[PDB]
Structures are given as structure tokens and as C-alpha cells.
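Chemist: Dropping in protein-v4.cif, with mmCIF, C-alpha atoms and all ligand atoms.
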data_coords
loop_
_atom_site.group_PDB
_atom_site.id
_atom_site.type_symbol
_atom_site.label_atom_id
_atom_site.label_comp_id
_atom_site.auth_asym_id
_atom_site.auth_seq_id
_atom_site.Cartn_x
_atom_site.Cartn_y
_atom_site.Cartn_z
ATOM 1 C CA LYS A 1 22.384 -79.630 96.103
ATOM 2 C CA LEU A 2 26.047 -79.170 95.164
ATOM 3 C CA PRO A 3 27.489 -81.736 92.704
ATOM 4 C CA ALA A 4 30.226 -84.134 93.788
ATOM 5 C CA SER A 5 32.485 -82.663 91.074
ATOM 6 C CA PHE A 6 32.459 -79.384 89.180
ATOM 7 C CA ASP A 7 34.726 -77.959 86.499
ATOM 8 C CA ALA A 8 34.318 -74.381 85.301
ATOM 9 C CA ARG A 9 35.869 -75.337 81.940
ATOM 10 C CA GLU A 10 32.975 -77.770 81.393
ATOM 11 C CA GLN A 11 30.247 -75.442 82.740
ATOM 12 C CA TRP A 12 31.263 -72.492 80.506
ATOM 13 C CA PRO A 13 32.655 -74.095 77.319
ATOM 14 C CA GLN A 14 32.560 -70.834 75.309
ATOM 15 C CA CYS A 15 34.863 -68.982 77.747
ATOM 16 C CA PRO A 16 38.418 -69.808 76.564
ATOM 17 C CA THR A 17 40.262 -67.906 79.274
ATOM 18 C CA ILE A 18 39.112 -70.501 81.833
ATOM 19 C CA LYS A 19 41.259 -73.094 80.035
ATOM 20 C CA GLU A 20 44.253 -70.758 79.648
ATOM 21 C CA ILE A 21 47.426 -71.093 81.749
ATOM 22 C CA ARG A 22 49.632 -68.032 82.205
ATOM 23 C CA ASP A 23 53.312 -67.557 83.182
ATOM 24 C CA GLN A 24 54.247 -64.837 85.624
ATOM 25 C CA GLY A 25 57.903 -65.071 84.494
ATOM 26 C CA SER A 26 60.767 -64.136 86.842
ATOM 27 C CA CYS A 27 58.531 -61.849 88.854
ATOM 28 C CA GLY A 28 56.526 -62.457 92.003
ATOM 29 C CA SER A 29 53.212 -61.406 90.449
ATOM 30 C CA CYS A 30 51.135 -64.476 91.401
ATOM 31 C CA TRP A 31 48.908 -62.188 93.486
ATOM 32 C CA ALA A 32 48.018 -60.253 90.307
ATOM 33 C CA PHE A 33 47.619 -63.266 88.008
ATOM 34 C CA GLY A 34 45.211 -65.071 90.344
ATOM 35 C CA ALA A 35 43.019 -61.972 90.285
ATOM 36 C CA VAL A 36 43.062 -61.127 86.580
ATOM 37 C CA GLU A 37 42.513 -64.756 85.520
ATOM 38 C CA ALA A 38 39.483 -65.092 87.783
ATOM 39 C CA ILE A 39 38.229 -61.655 86.635
ATOM 40 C CA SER A 40 38.642 -62.620 82.949
ATOM 41 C CA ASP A 41 36.598 -65.790 83.545
ATOM 42 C CA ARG A 42 33.849 -63.942 85.452
ATOM 43 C CA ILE A 43 33.476 -61.260 82.726
ATOM 44 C CA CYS A 44 32.895 -64.003 80.167
ATOM 45 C CA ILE A 45 30.484 -65.759 82.573
ATOM 46 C CA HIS A 46 28.735 -62.478 83.417
ATOM 47 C CA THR A 47 28.085 -61.851 79.687
ATOM 48 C CA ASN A 48 27.422 -65.448 78.582
ATOM 49 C CA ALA A 49 30.500 -65.411 76.322
ATOM 50 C CA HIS A 50 29.666 -62.160 74.517
ATOM 51 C CA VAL A 51 32.730 -60.539 76.130
ATOM 52 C CA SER A 52 35.794 -62.797 76.305
ATOM 53 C CA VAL A 53 38.922 -60.783 77.136
ATOM 54 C CA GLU A 54 42.258 -61.404 78.823
ATOM 55 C CA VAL A 55 42.428 -58.807 81.600
ATOM 56 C CA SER A 56 45.959 -57.364 81.926
ATOM 57 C CA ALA A 57 48.196 -58.706 84.664
ATOM 58 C CA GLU A 58 50.519 -55.857 83.629
ATOM 59 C CA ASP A 59 47.950 -53.153 84.410
ATOM 60 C CA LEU A 60 47.341 -54.478 87.945
ATOM 61 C CA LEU A 61 51.014 -55.178 88.674
ATOM 62 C CA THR A 62 52.305 -51.745 87.646
ATOM 63 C CA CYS A 63 49.452 -49.373 88.505
ATOM 64 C CA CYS A 64 48.127 -50.563 91.875
ATOM 65 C CA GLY A 65 51.015 -49.149 93.904
ATOM 66 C CA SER A 66 51.444 -49.486 97.652
ATOM 67 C CA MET A 67 47.822 -50.488 98.234
ATOM 68 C CA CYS A 68 48.412 -53.921 96.665
ATOM 69 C CA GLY A 69 51.925 -54.585 97.971
ATOM 70 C CA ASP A 70 55.252 -54.174 96.164
ATOM 71 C CA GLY A 71 54.774 -55.322 92.593
ATOM 72 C CA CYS A 72 57.126 -58.105 91.502
ATOM 73 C CA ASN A 73 58.109 -58.604 95.155
ATOM 74 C CA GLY A 74 54.650 -59.852 96.053
ATOM 75 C CA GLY A 75 51.299 -58.410 96.987
ATOM 76 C CA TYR A 76 47.847 -59.061 98.381
ATOM 77 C CA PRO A 77 44.932 -60.626 96.433
ATOM 78 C CA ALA A 78 42.186 -58.911 98.442
ATOM 79 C CA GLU A 79 43.664 -55.522 97.588
ATOM 80 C CA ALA A 80 44.041 -56.418 93.882
ATOM 81 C CA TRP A 81 40.308 -57.036 93.584
ATOM 82 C CA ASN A 82 39.680 -53.718 95.351
ATOM 83 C CA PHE A 83 41.772 -51.926 92.727
ATOM 84 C CA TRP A 84 39.604 -53.548 90.053
ATOM 85 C CA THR A 85 36.530 -51.911 91.559
ATOM 86 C CA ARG A 86 38.238 -48.515 92.009
ATOM 87 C CA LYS A 87 40.352 -47.866 88.903
ATOM 88 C CA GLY A 88 39.488 -50.911 86.795
ATOM 89 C CA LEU A 89 41.755 -52.957 84.590
ATOM 90 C CA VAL A 90 42.509 -52.818 80.850
ATOM 91 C CA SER A 91 43.003 -55.875 78.620
ATOM 92 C CA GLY A 92 46.239 -57.605 77.655
ATOM 93 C CA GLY A 93 47.343 -61.119 76.784
ATOM 94 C CA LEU A 94 50.529 -63.131 77.117
ATOM 95 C CA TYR A 95 54.107 -61.945 76.656
ATOM 96 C CA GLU A 96 54.674 -60.727 73.077
ATOM 97 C CA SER A 97 51.129 -61.704 72.072
ATOM 98 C CA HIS A 98 50.277 -58.189 70.819
ATOM 99 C CA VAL A 99 46.844 -58.896 72.356
ATOM 100 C CA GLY A 100 44.884 -56.230 74.195
ATOM 101 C CA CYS A 101 45.908 -52.873 75.608
ATOM 102 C CA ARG A 102 48.823 -53.852 77.906
ATOM 103 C CA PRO A 103 50.105 -57.379 77.252
ATOM 104 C CA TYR A 104 52.496 -58.854 79.814
ATOM 105 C CA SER A 105 56.016 -57.438 79.585
ATOM 106 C CA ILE A 106 57.876 -60.015 81.731
ATOM 107 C CA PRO A 107 59.178 -62.910 79.565
ATOM 108 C CA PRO A 108 58.258 -66.520 80.397
ATOM 109 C CA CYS A 109 60.604 -68.983 82.069
ATOM 110 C CA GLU A 110 60.977 -72.502 83.464
ATOM 111 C CA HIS A 111 59.526 -73.007 86.960
ATOM 112 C CA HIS A 112 61.357 -75.945 88.529
ATOM 113 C CA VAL A 113 61.036 -77.940 85.286
ATOM 114 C CA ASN A 114 63.244 -78.612 82.291
ATOM 115 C CA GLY A 115 62.422 -76.744 79.130
ATOM 116 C CA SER A 116 63.692 -74.600 76.320
ATOM 117 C CA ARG A 117 62.941 -71.295 78.052
ATOM 118 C CA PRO A 118 65.454 -69.728 80.435
ATOM 119 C CA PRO A 119 65.094 -70.910 84.029
ATOM 120 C CA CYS A 120 63.268 -68.495 86.302
ATOM 121 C CA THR A 121 65.529 -66.257 88.376
ATOM 122 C CA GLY A 122 64.877 -63.665 91.103
ATOM 123 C CA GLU A 123 65.094 -60.687 88.709
ATOM 124 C CA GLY A 124 61.807 -58.997 89.669
ATOM 125 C CA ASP A 125 61.843 -55.185 89.294
ATOM 126 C CA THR A 126 58.246 -53.872 88.940
ATOM 127 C CA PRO A 127 57.790 -52.233 85.500
ATOM 128 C CA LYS A 128 56.433 -48.695 85.221
ATOM 129 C CA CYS A 129 52.730 -47.891 85.156
ATOM 130 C CA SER A 130 52.347 -46.828 81.505
ATOM 131 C CA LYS A 131 48.720 -45.746 81.033
ATOM 132 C CA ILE A 132 48.932 -46.128 77.237
ATOM 133 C CA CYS A 133 47.757 -48.982 75.063
ATOM 134 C CA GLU A 134 49.939 -50.888 72.641
ATOM 135 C CA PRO A 135 50.493 -49.093 69.297
ATOM 136 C CA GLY A 136 47.597 -49.832 66.972
ATOM 137 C CA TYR A 137 45.209 -50.876 69.753
ATOM 138 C CA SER A 138 41.935 -49.202 68.852
ATOM 139 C CA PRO A 139 40.248 -48.301 72.186
ATOM 140 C CA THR A 140 42.143 -45.865 74.309
ATOM 141 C CA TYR A 141 43.514 -46.890 77.695
ATOM 142 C CA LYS A 142 40.624 -45.157 79.508
ATOM 143 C CA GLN A 143 37.983 -46.786 77.290
ATOM 144 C CA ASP A 144 39.497 -50.270 77.670
ATOM 145 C CA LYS A 145 39.078 -50.297 81.459
ATOM 146 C CA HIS A 146 36.950 -53.080 82.950
ATOM 147 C CA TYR A 147 35.492 -52.367 86.409
ATOM 148 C CA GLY A 148 34.297 -54.474 89.323
ATOM 149 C CA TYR A 149 30.997 -53.893 91.086
ATOM 150 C CA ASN A 150 32.484 -55.211 94.333
ATOM 151 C CA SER A 151 35.134 -57.396 95.938
ATOM 152 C CA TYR A 152 34.716 -59.602 98.982
ATOM 153 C CA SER A 153 36.190 -62.434 101.015
ATOM 154 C CA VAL A 154 34.658 -65.874 100.889
ATOM 155 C CA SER A 155 34.406 -67.530 104.275
ATOM 156 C CA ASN A 156 36.791 -70.300 105.325
ATOM 157 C CA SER A 157 34.148 -72.916 104.585
ATOM 158 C CA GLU A 158 34.378 -75.631 101.942
ATOM 159 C CA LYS A 159 30.665 -75.428 101.091
ATOM 160 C CA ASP A 160 30.661 -71.618 100.751
ATOM 161 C CA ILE A 161 33.677 -71.646 98.452
ATOM 162 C CA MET A 162 32.083 -74.370 96.320
ATOM 163 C CA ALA A 163 28.794 -72.450 96.204
ATOM 164 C CA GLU A 164 30.644 -69.280 95.183
ATOM 165 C CA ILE A 165 32.405 -71.015 92.284
ATOM 166 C CA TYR A 166 29.212 -72.869 91.297
ATOM 167 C CA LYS A 167 27.144 -69.682 91.056
ATOM 168 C CA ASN A 168 29.613 -66.900 90.251
ATOM 169 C CA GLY A 169 32.639 -68.509 88.639
ATOM 170 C CA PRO A 170 36.314 -68.985 89.493
ATOM 171 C CA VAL A 171 37.850 -67.330 92.559
ATOM 172 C CA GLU A 172 41.317 -66.320 93.713
ATOM 173 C CA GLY A 173 42.836 -68.200 96.635
ATOM 174 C CA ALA A 174 46.128 -68.347 98.482
ATOM 175 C CA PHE A 175 48.063 -71.081 100.236
ATOM 176 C CA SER A 176 51.487 -71.776 101.731
ATOM 177 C CA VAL A 177 53.986 -73.432 99.372
ATOM 178 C CA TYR A 178 56.215 -76.142 100.829
ATOM 179 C CA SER A 179 59.157 -77.435 98.853
ATOM 180 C CA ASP A 180 57.517 -80.774 98.006
ATOM 181 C CA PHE A 181 54.866 -78.766 96.109
ATOM 182 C CA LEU A 182 57.465 -77.636 93.548
ATOM 183 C CA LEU A 183 57.740 -81.194 92.189
ATOM 184 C CA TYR A 184 53.972 -81.726 91.717
ATOM 185 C CA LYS A 185 53.073 -83.741 88.618
ATOM 186 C CA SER A 186 49.648 -85.336 89.080
ATOM 187 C CA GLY A 187 47.147 -86.554 91.642
ATOM 188 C CA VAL A 188 45.992 -84.677 94.733
ATOM 189 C CA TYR A 189 48.707 -82.659 96.439
ATOM 190 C CA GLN A 190 49.045 -83.094 100.210
ATOM 191 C CA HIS A 191 52.026 -81.662 102.040
ATOM 192 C CA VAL A 192 54.255 -84.458 103.362
ATOM 193 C CA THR A 193 57.828 -83.095 103.330
ATOM 194 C CA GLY A 194 59.903 -79.960 103.047
ATOM 195 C CA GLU A 195 60.286 -76.472 104.476
ATOM 196 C CA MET A 196 57.931 -73.526 104.035
ATOM 197 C CA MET A 197 58.872 -71.475 100.950
ATOM 198 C CA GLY A 198 56.295 -68.687 100.962
ATOM 199 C CA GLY A 199 52.769 -67.739 100.067
ATOM 200 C CA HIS A 200 51.324 -68.266 96.604
ATOM 201 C CA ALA A 201 48.095 -66.951 95.051
ATOM 202 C CA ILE A 202 46.183 -68.963 92.454
ATOM 203 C CA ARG A 203 42.870 -69.453 90.649
ATOM 204 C CA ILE A 204 40.444 -72.093 91.958
ATOM 205 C CA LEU A 205 38.025 -73.243 89.278
ATOM 206 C CA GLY A 206 36.407 -76.438 90.551
ATOM 207 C CA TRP A 207 36.542 -79.525 92.736
ATOM 208 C CA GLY A 208 36.294 -83.280 92.636
ATOM 209 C CA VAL A 209 37.289 -86.569 94.205
ATOM 210 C CA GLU A 210 40.257 -88.629 93.037
ATOM 211 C CA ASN A 211 40.749 -92.130 94.504
ATOM 212 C CA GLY A 212 38.574 -91.187 97.461
ATOM 213 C CA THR A 213 40.533 -87.959 98.083
ATOM 214 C CA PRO A 214 38.477 -84.733 97.733
ATOM 215 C CA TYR A 215 40.311 -81.933 95.971
ATOM 216 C CA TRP A 216 40.198 -78.405 94.586
ATOM 217 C CA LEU A 217 40.930 -77.906 90.878
ATOM 218 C CA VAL A 218 43.483 -75.073 90.668
ATOM 219 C CA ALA A 219 45.224 -73.143 87.888
ATOM 220 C CA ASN A 220 48.865 -72.261 88.596
ATOM 221 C CA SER A 221 50.650 -69.458 86.733
ATOM 222 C CA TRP A 222 53.949 -71.268 86.057
ATOM 223 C CA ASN A 223 53.197 -72.032 82.390
ATOM 224 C CA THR A 224 51.852 -75.295 80.985
ATOM 225 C CA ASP A 225 54.892 -77.531 81.365
ATOM 226 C CA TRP A 226 54.719 -77.241 85.154
ATOM 227 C CA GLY A 227 52.555 -79.777 86.971
ATOM 228 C CA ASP A 228 49.508 -81.273 85.227
ATOM 229 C CA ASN A 229 49.466 -79.141 82.083
ATOM 230 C CA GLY A 230 49.730 -76.114 84.378
ATOM 231 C CA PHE A 231 46.912 -77.177 86.725
ATOM 232 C CA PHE A 232 47.166 -78.980 90.045
ATOM 233 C CA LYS A 233 44.780 -80.591 92.508
ATOM 234 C CA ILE A 234 45.019 -79.908 96.239
ATOM 235 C CA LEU A 235 43.352 -81.606 99.229
ATOM 236 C CA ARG A 236 39.900 -80.128 99.982
ATOM 237 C CA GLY A 237 37.974 -79.831 103.240
ATOM 238 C CA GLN A 238 40.802 -79.439 105.785
ATOM 239 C CA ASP A 239 42.038 -75.885 105.021
ATOM 240 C CA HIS A 240 45.151 -77.696 103.800
ATOM 241 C CA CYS A 241 48.099 -75.282 103.582
ATOM 242 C CA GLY A 242 45.528 -72.519 104.159
ATOM 243 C CA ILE A 243 43.870 -73.100 100.761
ATOM 244 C CA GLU A 244 40.382 -72.355 102.150
ATOM 245 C CA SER A 245 41.384 -69.350 104.268
ATOM 246 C CA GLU A 246 42.200 -66.545 101.801
ATOM 247 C CA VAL A 247 39.587 -66.860 99.036
ATOM 248 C CA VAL A 248 38.502 -63.585 97.391
ATOM 249 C CA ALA A 249 36.211 -62.750 94.474
ATOM 250 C CA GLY A 250 33.973 -60.004 93.082
ATOM 251 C CA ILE A 251 31.276 -59.259 90.515
ATOM 252 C CA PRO A 252 32.058 -57.441 87.221
ATOM 253 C CA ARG A 253 30.296 -54.263 86.194
ATOM 254 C CA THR A 254 28.631 -54.601 82.749
ATOM 255 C CA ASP A 255 30.764 -53.125 79.868
HETATM 256 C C1 LIG A 301 53.735 -65.324 94.073
HETATM 257 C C2 LIG A 301 53.952 -66.766 94.569
HETATM 258 S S1 LIG A 301 55.353 -67.512 93.668
HETATM 259 O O1 LIG A 301 56.097 -66.514 92.939
HETATM 260 O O2 LIG A 301 54.928 -68.375 92.598
HETATM 261 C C3 LIG A 301 56.468 -68.278 94.866
HETATM 262 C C4 LIG A 301 56.200 -69.529 95.384
HETATM 263 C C5 LIG A 301 57.070 -70.087 96.307
HETATM 264 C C6 LIG A 301 58.194 -69.391 96.710
HETATM 265 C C7 LIG A 301 58.452 -68.136 96.196
HETATM 266 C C8 LIG A 301 57.590 -67.576 95.268
HETATM 267 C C9 LIG A 301 54.258 -64.263 95.043
HETATM 268 C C10 LIG A 301 55.744 -64.415 95.320
HETATM 269 C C11 LIG A 301 56.229 -63.258 96.196
HETATM 270 C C12 LIG A 301 57.665 -63.461 96.667
HETATM 271 C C13 LIG A 301 57.934 -63.532 98.015
HETATM 272 C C14 LIG A 301 59.228 -63.718 98.446
HETATM 273 C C15 LIG A 301 60.252 -63.827 97.523
HETATM 274 C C16 LIG A 301 59.983 -63.759 96.173
HETATM 275 C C17 LIG A 301 58.685 -63.573 95.743
HETATM 276 N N1 LIG A 301 53.600 -64.406 96.322
HETATM 277 C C18 LIG A 301 52.750 -63.319 96.795
HETATM 278 O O3 LIG A 301 52.610 -62.347 96.147
HETATM 279 C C19 LIG A 301 52.068 -63.449 98.162
HETATM 280 C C20 LIG A 301 50.571 -63.448 98.010
HETATM 281 C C21 LIG A 301 49.870 -63.881 99.295
HETATM 282 C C22 LIG A 301 49.173 -62.953 100.051
HETATM 283 C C23 LIG A 301 48.536 -63.345 101.212
HETATM 284 C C24 LIG A 301 48.599 -64.662 101.621
HETATM 285 C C25 LIG A 301 49.295 -65.589 100.873
HETATM 286 C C26 LIG A 301 49.935 -65.194 99.707
HETATM 287 N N2 LIG A 301 52.514 -62.298 98.919
HETATM 288 C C27 LIG A 301 53.834 -62.363 99.534
HETATM 289 O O4 LIG A 301 54.494 -63.329 99.421
HETATM 290 N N3 LIG A 301 54.336 -61.216 100.321
HETATM 291 C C28 LIG A 301 53.649 -59.999 100.503
HETATM 292 C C29 LIG A 301 54.462 -58.909 99.804
HETATM 293 N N4 LIG A 301 55.766 -58.820 100.293
HETATM 294 C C30 LIG A 301 56.419 -57.985 99.616
HETATM 295 C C31 LIG A 301 57.766 -57.668 100.273
HETATM 296 O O5 LIG A 301 58.787 -57.868 99.313
HETATM 297 C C32 LIG A 301 59.909 -58.600 99.756
HETATM 298 O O6 LIG A 301 60.239 -58.568 100.888
HETATM 299 C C33 LIG A 301 60.733 -59.444 98.756
HETATM 300 C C34 LIG A 301 62.115 -59.511 98.880
HETATM 301 C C35 LIG A 301 62.860 -60.273 97.977
HETATM 302 C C36 LIG A 301 62.226 -60.958 96.956
HETATM 303 N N5 LIG A 301 63.007 -61.755 96.010
HETATM 304 C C37 LIG A 301 63.237 -61.344 94.842
HETATM 305 N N6 LIG A 301 62.731 -60.051 94.400
HETATM 306 N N7 LIG A 301 64.013 -62.159 93.921
HETATM 307 C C38 LIG A 301 60.845 -60.887 96.837
HETATM 308 C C39 LIG A 301 60.096 -60.129 97.736
HETATM 309 C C40 LIG A 301 56.441 -60.038 100.343
HETATM 310 C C41 LIG A 301 55.594 -61.145 100.965
#
Kindly present the structure from the file in C-alpha cells form.

Modeler:
Amino acid sequence: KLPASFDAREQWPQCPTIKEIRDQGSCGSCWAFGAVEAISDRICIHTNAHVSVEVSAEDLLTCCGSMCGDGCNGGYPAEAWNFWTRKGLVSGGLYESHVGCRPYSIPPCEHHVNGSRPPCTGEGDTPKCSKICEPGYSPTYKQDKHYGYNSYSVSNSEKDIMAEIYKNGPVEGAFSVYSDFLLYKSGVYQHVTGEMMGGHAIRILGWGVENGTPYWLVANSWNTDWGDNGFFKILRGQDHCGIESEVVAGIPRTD
């Protein structure tokens, strides 16, 4: 039934947010980016590319409050999807993109790689929840809200997670980062060395096999010069680093 490989970017070629890699900046907002990326993809999938919007990481980061966690100090993916069904999320693109209602306000940075941007630091104060759209944005903040029908956990089962992506689109997941992960360039990541750094929340958008090693296709939010153009592959089928244990998703409401 299920194909040996699947790639959401190939299944939905008219949904450009699936290909897009974000940058959370010097802020611990991975929990929010995993959600809003997967939500942006599912809205485009749900509407067969008639609605293709970047949902605002800023709106979720600043307006969820204690229910999600503590903003730029980290949070909880399951509770971010719940906020999408309760208060909804407005649109907004990348830092200084002037795209959408509330584009990201935290500037980009270099995540364990060399580049022209400033290196990422630990300067994460959560910006204020400003329920106003960017000047000149036509819909009001209320009208630009996109709502979820539901949110739910996917079971810790390889086949259920694949089936969920295959039918409903990309999901949010979470796994434990060990220090050898920071140096990922290519291939299928498997933890071999280094201490535990913390939990990280990402967007899973497919699967495959590389040199006999089954993997998940994952979007990171550390900009494009990290890893494999911003994506990585991680070992699939063994709950490696907990990758199969914290998967969450949800279905958009229409309009
Ligand atoms: C995104 C992952 S990441 O930024 O790319 C990263 C990867 C490796 C190492 C460090 C960061 C965020 C990062 C949060 C964070 C945690 C500690 C220090 C800095 C940043 N990760 C999360 O949001 C995860 C999501 C998750 C949920 C469930 C299962 C797995 C993963 N949540 C998380 O880590 N939490 C929950 C919220 N907590 C908030 C409490 O805040 C703090 O204690 C805190 C103190 C100090 C800092 N440092 C700075 N502000 N510079 C951050 C947070 C924390 C734990």
C-alpha cells in the first residue's frame, strides 16, 4: 500500500511553502515553526493550491501565552496546534519580508555554520502579542485568522506516521538533539557521539531509503545553509532520538 519513498514536495508541486526553509533566529521558537510550517502546507493541500499562505510564527509565538510554554524559551508542539484550533493564526512571512499580517520579527542568524549573518546567540526575549497587521496589509488581523478543525497526536508507529503524511500532509515532530547532530551535512543522521543538548521540534514531510538505511525527510528551521539545504534525514523505524514519539497534526478549517 504505502510507497517505499514519499516526498510532499513532489506530491504537491503547486504548494511552495512545502519547499521553504525558515530561520527561527536567536530565539527558541522551534516549537512554533514546526507547527506553522506544517499548517501552511496543509492549508495549501486542503485547498488544492487555491490558498497558499505562510502562517505566522510570530502570531503563535507571542499570543499563545502560558498554554504553549514560554515563548522564545521553548514550548510544546501539541499545545501550539491546540491554539490554532482555538484562536487561529494570521499570516506572515520571513523576517523583513513585508509578507502577510505579522511577519517574523526575530532576525536570522548562523546556526553552527559559517556565514555572513551574525552567529546565533541566546538572546531570546518573547516579543509582545500585537494583534495588528503590518501597515498596508489589507485584511484586518481578525479577518486574516486561519483556524484548525482539530489537533491530535499521531501514534508512535512508523506506519501510522507515514499514513498520516501520505493522506493529510506534513506533520510536526520532536526529537532529542545530541551534539553530533549540530554538524549534520548529508546522509541519514544516526546518533553516535556527544551529550544531550535539548529537545527540538521540526516538520516531517516524507520518507525514503538511502544506502539501505530507512529515513524520515525533515525540514529544520535553521535557515538554508545549515545541513542539506536546510533539510536533514533521520533514521526511521526505531523511534531514534524519540523522532516517532511526539508527532502532532491537525486538519484546517476551510477559509
Ligand atoms: C527549539 C529547539 S532549538 O532551538 O533549535 C535547540 C536545539 C538544541 C539545543 C538548544 C536549542 C526549542 C529550544 C528551546 C530551548 C531550550 C533550552 C535552552 C534554549 C532554548 N525547543 C523547544 O521548544 C522544545 C520543544 C519540545 C517539546 C516537547 C518535546 C521535545 C521538544 N521545548 C523545550 O525545550 N522546553 C520546554 C519549555 N521550557 C521552557 C523553559 O524555559 C527555560 O527554562 C529556558 C532557560 C534558558 C534558555 N536559554 C536562553 N533563553 N538563551 C532557554 C529556555 C524549556 C524546555

Chemist: Convert the output of the PyMOL selection byres (((chain A and resi 147) around 8) and not hetatm) on the shown file into explicit residues, formatted as a ChimeraX atom specification.

Modeler: /A:84-89,145-146,148-149,252-253

Chemist: Please identify all polymer residues within 9 Å of residue A:213, counting all atoms listed in the file, omitting same-chain residues fewer than 4 positions from it, and present them as a ChimeraX atom specification.

Modeler: /A:188,208-209,235-236

Chemist: Could you give me the residues within 10 Å of ligand LIG 301 (chain A), counting all atoms listed in the file, as a ChimeraX atom specification?

Modeler: /A:23-34,68-79,111,120-126,173-179,181-182,196-202,220-222,242-243,245-247

Chemist: With distances taken over all atoms listed in the file, which of A:39, A:204, A:109, A:249 is nearest to residue A:60?

Modeler: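 Distance minimum relative to residue A:60 lands on A:39.
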
Chemist: Between atom CA of residue A:163 and atom CA of residue A:6, what is the distance, to one decimal in Å?

Modeler: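 Separation between atom CA of residue A:163 and atom CA of residue A:6: 10.5 Å.
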
Chemist: So which one's closest to residue A:82, A:241, A:64, A:217, A:99? Using only C-alpha atoms, please.

Modeler: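 Distance minimum relative to residue A:82 lands on A:64.
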
Chemist: Kindly resolve the PyMOL selection byres (((chain A and resi 168) around 9) and not hetatm) on the present coordinates and return the residues as a ChimeraX atom specification.

Modeler: /A:42,45-46,163-167,169-171,249-251

Chemist: Around all the atoms of stretch 62-68 of chain A listed in the file, with 5 Å of room on each side, what axis-aligned box do you get, giving centre and edge lengths in Å to one decimal, as AutoDock Vina command-line options?

Modeler:
--center_x 50.1 --center_y -51.5 --center_z 92.9 --size_x 14.5 --size_y 14.8 --size_z 20.6

Chemist: Fewer than 6 positions away in the same chain doesn't count, so skip those; otherwise give me all residues within 9 Å of residue A:48, counting all atoms listed in the file, as an NGL selection string.

Modeler: :A and (12 or 14-15)

Chemist: So that I can check the surroundings of residue A:59, please list as a compact mmCIF listing (two decimals) with C-alpha atoms, keeping the file's coordinate frame every protein, DNA and RNA residue that reaches within 9 Å of it, counting only C-alpha atoms and ignoring chain neighbours fewer than 6 positions away.

Modeler:
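Final output, saved to part08.txt:
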# COMPACT_ATOMS: atom_id res chain seq x y z
CA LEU A 89 41.76 -52.96 84.59
CA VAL A 90 42.51 -52.82 80.85
CA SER A 91 43.00 -55.88 78.62
CA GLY A 92 46.24 -57.60 77.66
CA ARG A 102 48.82 -53.85 77.91
CA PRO A 103 50.10 -57.38 77.25
CA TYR A 104 52.50 -58.85 79.81
CA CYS A 129 52.73 -47.89 85.16
CA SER A 130 52.35 -46.83 81.50
CA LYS A 131 48.72 -45.75 81.03

Chemist: On this structure, the PyMOL selection byres (((chain A and resi 101) around 9) and not hetatm) would catch which residues? List them as JSON, numbers by chain, sorted by chain and number.

Modeler: {"A": [56, 90, 91, 92, 93, 98, 99, 100, 102, 103, 132, 133, 134, 135, 137, 138, 139, 140, 141, 144]}

Chemist: Using the selection just defined, write its residues with C-alpha atoms as a short mmCIF file (atom, residue, chain, number, x, y, z; two decimals), in the frame of the given file.

Modeler:
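Dumped everything to again_12.cif:
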data_model
loop_
_atom_site.label_atom_id
_atom_site.label_comp_id
_atom_site.auth_asym_id
_atom_site.auth_seq_id
_atom_site.Cartn_x
_atom_site.Cartn_y
_atom_site.Cartn_z
CA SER A 56 45.96 -57.36 81.93
CA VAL A 90 42.51 -52.82 80.85
CA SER A 91 43.00 -55.88 78.62
CA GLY A 92 46.24 -57.60 77.66
CA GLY A 93 47.34 -61.12 76.78
CA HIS A 98 50.28 -58.19 70.82
CA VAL A 99 46.84 -58.90 72.36
CA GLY A 100 44.88 -56.23 74.19
CA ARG A 102 48.82 -53.85 77.91
CA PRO A 103 50.10 -57.38 77.25
CA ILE A 132 48.93 -46.13 77.24
CA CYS A 133 47.76 -48.98 75.06
CA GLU A 134 49.94 -50.89 72.64
CA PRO A 135 50.49 -49.09 69.30
CA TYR A 137 45.21 -50.88 69.75
CA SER A 138 41.94 -49.20 68.85
CA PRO A 139 40.25 -48.30 72.19
CA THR A 140 42.14 -45.86 74.31
CA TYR A 141 43.51 -46.89 77.69
CA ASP A 144 39.50 -50.27 77.67
#

Chemist: I'd like the interatomic distance between atom CA of residue A:157 and atom CA of residue A:240, to a tenth of an Å.

Modeler: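 Atom CA of residue A:240 lies 12.0 Å from atom CA of residue A:157.
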